[PDB]
Structures are given as C-alpha cells and as structure tokens.
Amino acid sequence: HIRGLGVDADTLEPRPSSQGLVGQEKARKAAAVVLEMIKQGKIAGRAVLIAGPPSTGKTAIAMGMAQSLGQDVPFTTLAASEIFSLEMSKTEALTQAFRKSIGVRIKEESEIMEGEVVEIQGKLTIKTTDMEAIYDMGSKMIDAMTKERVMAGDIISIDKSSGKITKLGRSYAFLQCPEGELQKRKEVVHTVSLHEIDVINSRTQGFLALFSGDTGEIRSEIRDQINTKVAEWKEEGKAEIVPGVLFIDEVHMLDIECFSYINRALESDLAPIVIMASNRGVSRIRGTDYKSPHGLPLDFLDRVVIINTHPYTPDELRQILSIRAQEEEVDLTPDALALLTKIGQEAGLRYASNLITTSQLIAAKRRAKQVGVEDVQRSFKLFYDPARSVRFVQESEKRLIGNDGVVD
Amino acid sequence: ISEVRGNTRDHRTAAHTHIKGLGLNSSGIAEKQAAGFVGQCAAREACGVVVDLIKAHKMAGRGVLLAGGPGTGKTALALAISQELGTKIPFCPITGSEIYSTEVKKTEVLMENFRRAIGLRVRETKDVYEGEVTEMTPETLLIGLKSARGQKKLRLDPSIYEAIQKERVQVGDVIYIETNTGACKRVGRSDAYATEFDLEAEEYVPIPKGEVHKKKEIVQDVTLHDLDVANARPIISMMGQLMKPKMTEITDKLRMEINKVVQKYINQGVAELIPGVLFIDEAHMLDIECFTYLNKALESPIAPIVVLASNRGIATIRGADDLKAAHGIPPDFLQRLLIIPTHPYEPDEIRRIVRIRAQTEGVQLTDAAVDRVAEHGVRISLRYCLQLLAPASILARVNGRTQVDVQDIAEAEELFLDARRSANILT
Ligand SMILES: Nc1ncnc2c1ncn2[C@@H]1O[C@H](COP(=O)(O)OP(=O)(O)OP(=O)(O)O)[C@@H](O)[C@H]1O
C-alpha cells in the first residue's frame with residue numbers, strides 16, 4: 001500500500017498526497033532532512049522521535065523513512081508493551097527487535113516465476129507467450145498475494161526462495177508477456193534480516209505455538225553459528241551488512257533498563273535507524289522516580305531528534321477513509337464519507353475506520369450496493385468511541401449531576 | 001548390493017585354469033581326453049554322478065571324500081564338480097592347515113569359507129523415474145519430472161496414486177518412483193530452492209543426473225562373504241589391504257544386518273541364493289570340534305556341497321585321545337559322505353597332461369623334453385614336473401630359443417630341486 005516517503009528529490013518539499021502517503025507535510029519534510037543528515041554523516045548514532053496525536057500515520061512516516069534509504073532495507077514495528085512478555089526476557093525481546101532490523105545482502109541463484117495470471121485452498125493458473133501451466137495454491141501463498149491485491153491478468157514475478165510476489169504490471173487495462181519458460185534461475189540479491197537467519201537455522205515452530213510452549217526465544221548456541229558465519233562472509237565479500245530501521249511505538253512504556261540497551265545497541269557502527277513514537281504530552285519514566293516530557297530519561301532527550309505530526313484536516317481525513325474504504329472493498333455515498341470524516345474530527349481516525357467495516361454489514365442486511373448516512377449513523381449509535389464509552393460508564397456508576405443542576 | 005564387488009582367491013585355482021570342467025557324454029561315461037582331463041575315468045564318472053544327485057536334491061545331509069595320493073586329480077575333480085553344477089557358482093578350496101589360525105577360532109575361519117561357498121544370483125530390472133514434481137489433475141495423476149539434463153511428463157497408474165497420497169507430496173520435490181511395485185518420496189527436498197543462509201539444514205536433495213526415464217540392469221554374482229567384506233568398511237584398495245593382526249572389522253552383529261537384507265531380497269523374489277561347493281584338502285588335519293560344526297552344517301538346507309580330500313590311509317582323530325580312523329575322518333562324519341578313489345597316473349598318462357599345461361601356460365617345447373619331464377612325474381610328484389615348465393621357458397628365451405629342449409629342462413632340475421631331493425643332498 002505505502003509506496004514511499006512522497007517528497008521532492010531536489011527541493012525536499014513534500015506533495016499533499018503522494019507515494020502512498022497523505023498529508024503531514026511538516027513531519028515528512030523533517031523526515032527528509034533526517035535521512036540527509038545520516039547520509040552526510042552529520043548525525044551519528046542519533047535516534048528519531050515522532051511525537052504527535054494518536055493515529056497520525058506515525059508508522060507510515062517511518063515506513064517512508066525505510067523505502068527512501070535503500071531498495072530493500074529492513075523495517076520492523078515494535079510496541080513497547082510487547083517487550084514485557086510472560087515468557088521471553090525483555091533483553092531477548094529487544095535483541096530479536098534489533099536483529100529483525102539488521103540485514104545481509106548476498107547474490108544468490110534462485111528460480112523466479114514470471115508470467116500473466118488467470119485466477120480461480122484454491123488453484124491459480126499462470127500463462128506465458130510460449131507455455132501454460134496449472135498450480136495448486138499453498139495456504140501461506142494465498143495470504144501473501146491477497147495483501148498484494150493480485151487480480152487476474154496481472155504480470156507477476158514470484159521468487160520461490162523468498163516466497164515474495166512482486167507486481168511487475170499488466171498486459172491489458174502496459175508490459176508484454178515474458179518469452180521463455182516460467183522458472184528461470186538468475187543471480188539475484190537477497191536481503192534477509194539477522195533474526196530471520198536465526199529463525200530459519202533454529203528449530204521450526206510447530207502448529208499452534210500460542211496454544212502452548214515457549215516463545216521464539218532463539219538459543220545462544222544457534223545465534224553464535226549465524227554471527228560467526230556473517231562475520232566470515234563480511235571478510236570474504238560474500239555478504240554486505242545493511243542497517244535498516246527499527247520503529248518503537250508506545251515509548252513512554254519503556255523501562256530505564258531498555259534505554260540503556262537501546263544506547264548500547266545504538267553504539268555500534270552498523271546500528272539501525274532507531275525511530276521512537278510517543279502519543280503523549282507529559283508522561284513519567286518507568287523504573288526512575290522522576291518525570292519527563294515523552295517518558296524519555298534526562299540523557300535521551302538531548303541525543304534524540306524530535307519530529308512532530310499534526311491533526312489531520314477534514315479534507316486530509318476525506319481521502320484516508322476513502323483509501324481504507326477501497327482496501328476493505330466497500331462502496332460509500334458522498335454524504336456517508338462526509339459523515340465518517342465528521343466522526344474523525346471529534347473522535348479518532350481509528351474509531352472512524354472501525355465504523356467502515358461495521359456499517360458494511362448493516363448495509364448488507366438492508367441489501368444495498370451503496371453504504372449511506374443512516375447506515376453510518378447506526379454504527380456510531382451501536383458502537384461507542386473510548387471517550388463516549390467511559391462517559392456512559394461514569395454516569396451509570398454515580399449520577400455526578402442531578403436533575404436540579406446540583407452537583408453531589 | 002550393486003556397489004558390492006566379488007573378490008576371489010585366483011592363486012588357488014591358478015594351477016587348474018587349464019581345466020574347463022568334467023569331460024563326459026550324455027549317458028554319463030567319461031571321455032579319454034576332454035575338458036582338460038587325462039585318464040582318471042573311475043573317479044571322473046563317480047563325481048559325475050554326485051553332480052546329478054545335487055541337481056535331483058538327493059544329497060540329504062551328504063558330502064564327498066576324495067581318497068588318493070598327492071597329485072591324483074583331487075583338487076582338480078573338486079573344481080570340475082563346481083564347473084558342472086552351473087554358471088558362476090562358488091568354489092572354495094581350503095586345506096586343514098588354514099583352520100589352524102592365531103587370532104580367529106578354528107571355526108571363525110571355517111565360517112567365512114562357508115560364506116565364501118554360498119552365492120547370490122541377482123536378476124533385477126527396474127524402471128527409474130527421478131526428478132522434481134510438476135502436478136496436473138486428470139481423470140489417474142499426471143506428474144512432470146525435471147532432471148539435470150532432461151524433462152518428461154507422465155500419466156501415472158491409479159496404483160501409484162494410492163501410494164503417493166500415503167507419503168506427503170508438493171510441487172518441487174525430488175522423487176524416486178518405480179513401476180515394479182516401488183514407492184519412495186523425499187518431502188520438500190530440492191537443491192533449486194535452497195538459500196545460502198542455512199547450512200545445517202540438509203533438508204534439500206540435488207537434481208538427479210542424466211534423464212528421468214532410466215532402465216537399470218542388475219546382474220550380480222557374489223558370495224555371502226563378499227557382502228560381509230564390503231559392508232565392513234566405514235573398496236578397490238581392500239583387494240590388497242589386510243595389514244592388521246586382530247581383523248576386528250567383521251563382527252557377529254554386522255552379519256545379522258546382511259542376513260536380514262538377503263532374506264528381504266528372497267521374499268521379494270528379486271534374487272535367490274545358490275549354494276556352491278566347499279573343498280577341504282588335508283581333511284585329517286581338521287579338529288573333532290570342526291567335524292561337529294560340519295555335522296550341524298550338512299543338516300542345513302542352505303549349506304553348500306562339502307567335498308573333502310585325504311592323502312592319508314589310517315590317521316589319528318585330531319581333538320580325540322588318539323583314536324585311529326580311516327582318512328582321519330571320525331565315524332560320525334565318515335558315514336555322512338561317499339568316498340571316490342583317485343588312481344595315480346602311469347608315465348604314458350603324465351606326458352599327455354604336460355602337453356595340455358604347456359599349451360595353456362604358453363610354453364613351446366620339443367617332444368623329447370616332454371618325455372624327460374614325464375620321467376620326473378613318475379620318479380617324483382606330478383606337481384614338481386609341472387612346475388619345471390616356467391623356469392625352462394626362461395632358460396630357452398635366454399638361449400634365444402622358443403622351443404624348450406632336454407638341455408634346457410636338465411638345468412631346471414639342477415637349479416630347482418624337489419623337497420625330497422633337497423633334504424637328502426644336505427646329508
Ligand atoms: N587327470 C588330469 N588331467 C589333467 N590334469 C591333471 C589331472 N590330474 C591332475 N592334474 C593336474 O596336476 C596338477 C597338480 O596336481 P594337484 O595339485 O591338482 O593335485 P590333486 O590330486 O588335484 O589334489 P592334491 O593337492 O590333493 O593332491 C594340476 O594342474 C592338476 O590339474
């Protein structure tokens with residue numbers, strides 16, 4: 001869905017809606033400066049901080065930071081809460097996160113399936129200008145291209161070694177059909193993260209891992225075999241270490257012991273771009289008795305580079321909800337989207353996005369091809385936003401204000 | 001079993017390469033000169049009857065004994081018994097002195113010789129289908145295999161369809177399937193979809209060489225000992241490798257692994273095991289404990305033909321408190337076999353043999369030299385005179401001649417003297 005950063009190459013002035021990104025020009029222009037600061041070597045071992053109101057495309061801006069660095073640089077999302085797990089030490093939880101960010105570039109010989117598609121757990125048939133063949137769909141392969149939104153007639157390249165499907169284009173509404181036989185083994189660059197090499201070489205996770213058993217805690221013995229092989233590949237010239245970008249969300253939740261590890265991992269010359277994201281104005285530090293602005297220690301605030309996102313305008317919100325409406329395959333009347341964006345004004349964007357999927361089912365029961373205002377007004381009255389739900393409980397708990405207008 | 005190659009002691013049978021078998025007509029009567037034999041009609045015909053008794057399966061716990069002096073066609077007739085039994089049959093010639101080992105027991109050495117006398121005739125014809133998998137669903141299954149130098153699609157029988165569903169399959173798996181009731185699968189194995197990141201994986205298999213469709217022809221003729229000596233290694237050098245006193249490579253547990261796989265090949269009907277002939281020279285040298293092993297061996301149906309030979313008339317039983325018996329064989333085992341007597345050759349018969357051996361060895365000689373060497377075949381043993389052919393040919397080549405004369409053979413007796421004459425000369 002997200003194409004890139006959506007900024008000008010020379011002037012670095014961002015477009016209102018470009019490269020899968022909508023609005024937030026101030027933050028995206030500041031994001032473009034940070035990328036240039038690292039490239040010139042001006043900023044060395046410095047974290048980024050995307051502060052702002054909730055649901056202001058904070059993940060998307062950092063997703064833009066990734067694609068604008070290199071062709072295949074690793075980007076990983078980590079919520080600060082996910083670190084505090086019942087089984088897996090918060091050290092291993094953070095080590096996995098950093099290893100998910102650092103990748104290695106190796107040129108490998110692997111077969112790539114290239115050709116036009118003729119669509120139907122299932123069976124999807126492929127075609128070339130010379131040969132035709134039927135292929136039974138794998139359970140994980142179905143979930144892989146549905147996220148890519150692959151339709152019949154599309155020209156695609158499926159690398160069998162990685163499993164990634166890449167949309168090269170289309171023959172009819174354009175790129176023409178490939179000549180030879182589908183599977184062709186070529187010298188292609190493979191970028192696999194350190195954590196992925198660990199999970200490949202370590203014991204395969206059995207079906208229903210959350211049902212019972214230990215988490216993805218990679219053994220120190222296995223990780224050693226990978227680290228020593230990567231170090232041997234660096235010297236040989238076989239592998240090229242590429243530092244990606246780690247995105248940390250809910251940063252206020254991080255303990256003082258986490259920040260000491262983050263700086264220890266940031267100390268390395270091949271450290272990734274650590275992007276922090278705080279949705280809070282004023283928050284206390286965890287582990288430390290003292291309070292701070294975004295929940296960062298007195299030492300981190302001076303090192304970090306802060307960027308601020310702003311609240312979306314009704315016109316900025318207009319397309320965001322329509323893009324999400326098309327992605328969820330729903331058809332709305334112009335009045336309904338205007339109402340849905342009006343919800344996004346006082347209540348959150350995320351709450352308004354939830355009302356999209358709920359209104360579709362009520363419209364399905366009415367048997368209509370257009371989701372209208374009365375269909376949206378229902379979802380708002382059936383399902384409450386956090387601020388309204390708490391208001392509902394508070395009044396039911398104790399009647400704070402009487403009929404007379406007297407308090408208590 | 002295909003890699004297993006037969007190693008045979010050719011030095012023992014080297015003195016009998018001139019013999020092709022047993023010379024006899026349809027009725028059973030022996031010819032005057034046939035299959036490289038001269039005289040010995042009575043003994044030739046006698047064992048020419050025992051070969052039929054084996055073929056008719058009437059040798060129920062029975063053996064053969066060759067009674068006669070040194071160089072009376074004993075070892076020669078034993079080889080003829082094998083040659084007449086069938087094609088590529090095991091013949092194991094031993095001497096009682098060989099049993100007398102330093103490390104292994106008297107029967108741990110007699111055991112391997114029995115294993116050297118029981119062979120296996122293999123006649124397996126398999127239709128190989130090696131390569132990857134490219135599944136198609138017809139009305140009972142179409143699979144396209146990809147090999148290192150070829151590509152072929154085939155419409156499989158419904159019998160294979162039931163066998164493939166039992167052992168999980170997916171597109172891009174290296175498989176080994178057979179038309180002759182064979183099913184073998186390698187799930188997810190393919191070197192084509194292998195990343196350089198994982199090394200300790202070993203879950204992938206390389207693309208099979210050559211073509212998908214291969215006609216494998218297996219015609220193997222090896223003894224039971226060949227299976228043991230080939231499975232002992234953890235193999236070309238092994239034909240000259242034996243420098244170890246203990247010889248602990250062959251263990252009872254290793255033989256059990258051979259016995260079970262051999263049984264599996266019989267049950268399938270692929271290869272049947274064929275018992276041959278075990279020849280024991282110096283039969284009197286055998287211990288009483290060895291004869292009781294033989295008594296137990298002869299009772300088994302899998303057992304080969306135990307042919308013994310004794311140059312002694314009355315001899316004390318080895319392993320018993322000085323008990324004189326006929327040929328040194330105990331009564332218990334003497335009754336168990338039938339005796340065939342081997343007659344000594346007269347001077348006229350000896351020179352007929354010389355001409356046969358010289359023709360095979362490639363030694364040209366004058367008529368007068370054959371007479372002089374035959375005189376040594378009657379005064380001394382038949383083996384000694386036959387040994388004079390090789391040095392006399394060198395003495396002739398040195399003199400520039402190809403034809404060996406009396407003067408050349410006269411020096412051979414002067415240079416290479418027999419064990420009897422060499423002893424008396426020292427005084
Ligand atoms: N009847 C025969 N015709 C042709 N060759 C013979 C005949 N009899 C014996 N010989 C040959 O005499 C040579 C030496 O004798 P050999 O060692 O075979 O004695 P044997 O009687 O067979 O056994 P043993 O060693 O027990 O005496 C061999 O080459 C053998 O083939």
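Rules used in this analysis
Residues numbered from 1 in each chain as written, not as in the entry; some residues may be left out. Chains lettered and ligands numbered in written order. Part of a larger assembly, values for the part shown. Heavy atoms only, no water. Residues with missing side-chain atoms left out of burial classes, pairs and counts. Helix = DSSP H or I, 4+ residues; strand = E, 2+ residues; numbered from the N terminus. Rg over C-alpha atoms; globule rule 2.2 N^0.38 Å. Axes fitted to C-alpha atoms, helices over the stretch in contact; angles between N-to-C directions. Left-handed = near helix turned anticlockwise from the far one by under 90°. Contact = heavy atoms within 4.5 Å. Nonpolar A, V, L, I, M, F, W, Y, C, P; charged D, E, K, R; others polar. Domains from an automatic or database assignment. Pairing = 2+ DSSP bridges. Buried < 20%, exposed > 50% of the residue type's maximum accessible area, 1.4 Å probe, protein only. Polar contact = N/O pair within 3.5 Å; in protein donor to acceptor, adjacent residues only side chain to side chain. Near = heavy atom within 4 Å. Areas by Shrake-Rupley, 256 points an atom, 1.4 Å probe, with all protein chains shown as cover. Parallel < 35°, antiparallel > 145°, perpendicular 65-115°, else oblique. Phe/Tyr/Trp six-rings, centres within 6.5 Å; stacked < 30°, edge-to-face > 60°. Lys NZ or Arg CZ within 6 Å of the ring centre and 35° of its normal. Buried area = accessible area lost by both parts, 1.4 Å probe. Salt bridge = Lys/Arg side-chain N within 4 Å of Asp/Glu carboxyl O.

- For this entry, the PDB record names X-ray crystallography as the structure determination method and reports a resolution of 3.6400 Å.

1. A word on the overall build of chain A
- If you tally the helices and strands in chain A, you get 13 helices and 16 strands.
- Taking the principal axes of its C-alpha atoms as reference, chain A extends roughly 80 × 60 × 55 Å.

2. Section: the overall build of chain B
- For chain B, the helix and strand inventory stands at 16 helices and 21 strands.
- Computed over its C-alpha atoms, the radius of gyration of chain B comes to 29 Å, more than 25% above the 22 Å expected for a compact globule of 427 residues.
- C-alpha extents for chain B along the principal axes are approximately 90 × 60 × 50 Å.

3. Examining the packing of helix α5 (residues 108-115) of chain B against helix α9 (residues 288-298) of chain B
All names here are of chain B.
- Contact geometry of α5 with α9 gives a least axis separation of 11 Å together with a crossing angle of 30 degrees. Crossing hand, α5 versus α9: right-handed. Contacts between α5 and α9 involve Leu110, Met111 and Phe114 on the former and, on the latter, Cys290, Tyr293, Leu294 and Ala297.
- Here the residues of the contact of α5 with α9 are counted per class, giving seven nonpolar, no polar and no charged.

4. Observations concerning the domain arrangement of chain B
- By domain assignment, chain B separates into domain 1 (123-218) and domain 2 (347-426).
- The gap between the C-alpha centroids of domain 1 of chain B and domain 2 of chain B is 66 Å.

5. Observations concerning the sheet that holds strand β14 (residues 271-275) of chain B
All names here are of chain B.
- The antiparallel open sheet is built from three strands, whose spatial order is β13-β5-β14. With one partner strand each, in any of the chains shown, β13 (221-223) and β14 form the two edges of the open sheet. Direction aside, the axes of adjacent strands within the sheet are offset by 30 degrees on average.
- One ladder, built from five bridges, connects strand β5 (residues 118-122) with β14; its direction is antiparallel. Looking at β14, one finds that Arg121 is bridged to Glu272.
- Against the sheet, helix α7 (residues 224-231) touches β5 and β13, its axis set at about 80 degrees to β13.

6. Things to note about the pairing of strand β16 (residues 305-308) of chain A
Residues and elements named next belong to chain A.
- The side-chain alternation of β16 yields one buried face, formed by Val305 and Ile307, and one unburied face, formed by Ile306 and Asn308.
- Taken together, the four bridges between strand β3 (residues 48-51) and β16 define a ladder with parallel strand orientation. Paired with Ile50 across the two strands is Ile307, which belongs to β16.

7. A few points about the side chain of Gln24 of chain A
Residue and element names in this part refer to chain A.
- Note on placement: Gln24 falls in the loop between β2 (21-22) and α1 (25-39).
- Judged by its relative accessible area of 4%, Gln24 is buried.
- A distance of 2.8 Å separates the side chain of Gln24 from the backbone oxygen of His310, its partner in a polar contact.
- Of note is the side chain of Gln24, whose polar atom sits 3.4 Å from the side chain of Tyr312.
- Excluding its chain neighbours within four sequence positions, the residues that come into contact with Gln24 are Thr56, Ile61, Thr309, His310, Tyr312 and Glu316.

8. Overview of the site of the ligand
All names here are of chain B.
- Taken together, 21 residues lie around the ligand, and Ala15, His16, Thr72, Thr75 and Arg357 are the ones closest in.
- Take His16: an N or O atom from its side chain is 2.8 Å from an oxygen atom of the ligand.
- The contact in question runs from an oxygen atom of the ligand to an N or O atom on the backbone of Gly73, over 2.8 Å.
- Isolated, the ligand exposes 610 Å² of accessible area, and the fraction of that covered by the protein chains is 97%.

9. Examining the packing of helix α10 (residues 334-346) of chain A against helix α11 (residues 349-365) of chain A
Residue and element names in this part refer to chain A.
- Between α10 and α11, whose axes approach to 8 Å, the crossing angle comes to 150 degrees. By the angle between their directions, the pair α10 and α11 is classed as roughly antiparallel. In this structure, α10 meets α11 at a crossing whose hand is right-handed. On the side of α10, the interface is formed by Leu340, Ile343 and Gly344, while α11 contributes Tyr351, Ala352, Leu355 and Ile356.
- Grouping the constituent residues of the contact of α10 with α11 by class yields six nonpolar, one polar and no charged.

10. Thoughts on the domain arrangement of chain A
- According to the domain assignment, chain A consists of domain 1 (1-100 + 213-312), domain 2 (101-212) and domain 3 (313-408).
- If you average the C-alpha positions of domain 2 of chain A and of domain 3 of chain A, the two centres end up 39 Å apart.

11. Looking at the packing of aromatic side chains
All names here are of chain A.
- Taken as a whole, this structure holds nine aromatic pairs over all chains when the rule is applied.
- Their ring planes at 55 degrees and their centres at 5.6 Å tell us that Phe259 and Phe300 sit as a pair that is tilted. Highlighted residues: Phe259 in helix α7 (residues 256-266) and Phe300 in helix α8 (residues 300-303), separated in sequence by 41 residues. Of the two residues examined, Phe259 and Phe300, each falls in the buried class.
- Stacked on the ring of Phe84, the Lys or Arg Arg286 has its end atom at 4.9 Å from the ring centre.

12. Things to note about the interface of chain B and chain A
- Facing 15 residues of chain B, the contacting portion of chain A comprises 21 residues.
- Summing both partners gives a buried area of about 1600 Å² for chain B against chain A, and 57% of it is carried by carbon and sulfur.
- Area buried by chain B at its contact with chain A is led by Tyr193, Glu196 and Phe197 of chain B, which between them contribute 45% of it.
- Connecting chain B to chain A are two salt bridges.
- Put simply, chain B and chain A have four residue pairs in polar contact between them.
- Across the side of chain B that touches chain A, the residue classes tally to six nonpolar, three polar and six charged.

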